[PDB]
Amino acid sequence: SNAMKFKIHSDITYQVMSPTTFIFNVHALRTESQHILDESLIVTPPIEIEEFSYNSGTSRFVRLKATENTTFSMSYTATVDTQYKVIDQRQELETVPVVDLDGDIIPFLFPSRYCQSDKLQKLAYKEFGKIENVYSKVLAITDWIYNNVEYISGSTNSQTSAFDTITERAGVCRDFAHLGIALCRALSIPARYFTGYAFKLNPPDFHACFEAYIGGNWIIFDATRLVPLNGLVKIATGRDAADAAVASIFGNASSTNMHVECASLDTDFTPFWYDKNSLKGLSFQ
C-alpha cells in the first residue's frame, strides 16, 4: 500500500477545416483513491468549453466547437495524488461467481466494439484454460501478448480490434489493451479499458492498458511492458476505446502537435512490475 504524487500535462493543437465539434478526454479522473490537488485547462484562442460525464462517471469529457480555417490549442496541467494496494493473489483459484458480482461489474463481461470476446472463447480456453489461478491466467494472457504481438508504430488504426490483432500480431498500446480485455472476457473474467498518463513512458504519450476484476478487486495489467505499473495516473476506464478516445472529432480537423508528460513528485520512486514467479496484483483503490 503506497501513495504517490505526480505532475501531469498534455497539450494538443488542431487545424480546423470546416465547422467542427470536439469531445476530449484528457482530465485526470477524481476517484476515492485518486485526488487532484490542483488543475488548469486553457484553450487558445479562448473558446467556450463544457465538461460533462456519462451516467457511469468514469471519465471527464470536455467539449467545444470551432469554426473553419482556424487553429487552436488546449493545455491541461494538474497535480495528482494516487494510491494503490498490492494484493496477494495466492488464493485466487476461482473467479468471483457471476451471481455474486456487483451489478456494475457485469457489463465488463460482455463483448464491445474493439473486444469481440464472443469470437475468441475457444481460442482463449485452448491457450489459457488450464491455468488454475485466476491472476496467473490473466498474467499468462498478458505475457502471451507481450511475446507474440510486435509493438509497431503505425501498423494499426482506430478501426483495428482485438479480433484483428490476434492474427495480425502487430499493434500499439490501444491494440494491446483491447486484446488483453477480449481474452479476459472470453474466459468469463470481467475486464475494462484503462487510459492514463504514464511516468517513465518513453517517448511520453497517453497510455492505454486494462484492468481485470480478480477476487473483488480491479487489478491493473499492461501487455506492452512499456511502463511501471505504479507510475500510472488514471484518465478513464470504460468498455474499450469507444468510451475513452483522446479526441472525438465531428467535422474536419487534424492535430498538428501534441505533448504529454507525467513527472513524479516523490523523491525516491521505485518501479513495480509483474513477474510469473510472484502472485501479487496491483490495484488502484
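Note that residue numbering begins at 1 and tracks the sequence as displayed.
- For the segment pair 150 to 158 and 190 to 198, the entry gives 150 to 158 the higher mean B-factor, averaged over Cα atoms.
- 35 to 43 and 62 to 70 differ in mean CA B-factor, and the higher of the two is recorded for 62 to 70.
- In this PDB entry, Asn230 carries a Cα temperature factor that places it within the middle third of its chain's modelled residues.
- For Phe110, the recorded CA temperature factor ranks within the middle third of the chain's modelled residues.
- Ranked within its chain, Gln121 lands in the lowest third, by CA B factor from the PDB record.
- In the PDB entry, a CA B factor belonging to the middle third of its chain's modelled residues is recorded for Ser264.
- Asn55: CA B factor in the highest third of modelled residues in this chain (values from the PDB entry).
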